[PDB]
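Taking the form deposited in one PDB entry, here's one chain by itself in structure tokens.
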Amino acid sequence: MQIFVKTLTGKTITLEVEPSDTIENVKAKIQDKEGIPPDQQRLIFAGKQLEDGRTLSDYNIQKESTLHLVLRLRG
């Protein structure tokens, strides 16, 4: 199924996922597609940061839902 991700840089991308995909599987797909390393990613939906072990279905994230990506920034 298709979902959307709005990156930190403001870019809206499409991603092909399954309901049973874990958040980590989804981070990895963002890496494959945009080069953003999974350990910097904070995925947000419905004002909630999503947790690595859980799945899209747990958060009732249905097809065509839009996640927001914010990055952990350090230096």
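Between two forms, the rigid core is defined as the largest C-alpha subset superposing within 1.5 Å. The first residue of the sequence shown is number 1, and the count goes up from there. Only residues modelled in both forms are compared.
The discussion below concerns the form deposited in another entry, not included here.
Undergrad: Core aligned, does the CA of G53 move at least 2 Å between the shown form and the other one?
TA: The answer is no; the displacement is under 2 Å.
Undergrad: Superposing on the rigid core, is the Cα displacement of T9 between the shown form and the other one 2 Å or more?
TA: Yes, because once the rigid core is superposed, the C-alpha of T9 moves 2 Å or more between the shown form and the other one.
Undergrad: For residues shared by both forms, which stretches of 3 or more shift their Cα by 2 Å or more between the shown form and the other one, once the core is superposed?
TA: The segments that shift (3 or more residues, C-alpha shift of 2 Å or more) are 8-11, 56-61.
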